[PDB]
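Look below for two forms of one protein chain, each set out as structure tokens: first structure 1, then structure 2.
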Structure 1
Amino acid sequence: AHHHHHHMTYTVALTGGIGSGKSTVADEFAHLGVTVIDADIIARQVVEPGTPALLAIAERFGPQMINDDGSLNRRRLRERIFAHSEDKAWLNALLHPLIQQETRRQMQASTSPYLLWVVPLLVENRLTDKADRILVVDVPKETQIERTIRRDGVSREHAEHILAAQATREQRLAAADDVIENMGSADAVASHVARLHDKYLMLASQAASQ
């Protein structure tokens, strides 16, 4: 390794329900040069071959949980933790800290005036205090359903099942500092991101003082 110093960076958390357009918004921030750290990507990285979490899964459940190529048997783990509440609790207790630590590691290794942290379950998991500012991408629930159906090729009822554990629209807006109505044209959304990017560069640059 090389020596590095712990430095804090202004963090904007982007959240929104499934099908709300988070990835399109995050990509516009990335186009402006902002480092984006995505909780869903981190969640997959922490169960890659050779990771502490995957090795712990293999110890607890044995080789049935590991595919012949060394990767996680995701379906078998899902079925096990559905049927065994003690295993769901163990897995959440294992993965949540590894995700937060890996997130902090990647944030510390970044070079960006502020960071965009994409956290689909920010509100549901009570993580709102972990960011300096919260940006919500908002669409009607029916739009979430329509986009999930056409994108994942699933039924309306399956889309509703996925959404049944998520925050309601107004619950999520109640946590927002900034809101993007993600039904505009792509140019309009890109313009809103441009506005917010300017705002965030300023907020992050007067906070470097601290």
Structure 2
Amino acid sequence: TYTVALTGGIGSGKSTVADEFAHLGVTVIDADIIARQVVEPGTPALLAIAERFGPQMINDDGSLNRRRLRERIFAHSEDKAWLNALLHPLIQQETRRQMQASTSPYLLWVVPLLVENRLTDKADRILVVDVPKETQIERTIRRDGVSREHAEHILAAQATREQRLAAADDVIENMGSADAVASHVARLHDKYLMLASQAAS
């Protein structure tokens, strides 16, 4: 299936832009979303986590207490392997199920480390969601409750803005009015529909 890889730095709005494509009927694959769904309330994986590490891993609303699980892995690095063994097969299975169930003309794959892990060859097209550096920092501080200095450290551990733009086939700036960003998505959607038809012929 024709595949567009969406990437961008922390705070740029990968998920925000992907949602607009989803609204146009595009199947969006995002490993972070899938990882959250495999540990949703009532899931067997969440039960396994609670039975190993304790009922305090479950909040009163039935969801995973993510901070308590991060604390457990921080104190016991060996439990990272256990968590990976539990969750990776479920994430792989659900990724494949979603691919198979899709009936849209193309797939949008959210790939946060596309450039860093050198995956710029798997997708038919690369879309970069871009914002100024200061915008990344401001949106990350707000969402994640980190210091500006912490946000800067994350940026330094990710691909540079220039590297991401160099790899992009198309760039969407997640700035200005939300309506215009959505119109930009609609224009790219038509481009991708036509490229998918061209590939199919």
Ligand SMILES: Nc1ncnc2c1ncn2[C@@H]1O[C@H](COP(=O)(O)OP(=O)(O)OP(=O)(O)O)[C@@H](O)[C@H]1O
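Rigid core (definition): largest C-alpha set, two forms, superposition within 1.5 Å. One-based numbering along structure 1's sequence throughout.
* To do: Just flag whichever of structures 1 and 2 is the form solved without adenosine-5'-triphosphate (ATP).
  => Number 1 is right.
* Asked: Any idea which of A176, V36, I145, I66 has its C-alpha shifted 2 Å or more between structure 1 and structure 2 with the rigid core fixed?
  -> Single residue meeting the criterion: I66.
* Two rigid parts, two forms: what's the rotation of the smaller one against the larger between structure 1 and structure 2, in °? -> 36 degrees is the angle the smaller part turns through.
* Rigid-core-superposed Cα shift at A109 between structure 1 and structure 2, Å -> Comparing the two forms, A109 shifts 4.1 Å at C-alpha.
* Asked: Aligning on the rigid core, what is the distance the CA of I162 moves between structure 1 and structure 2, in angstrom?
  -> Reported C-alpha shift between structure 1 and structure 2: 1.4 Å at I162.
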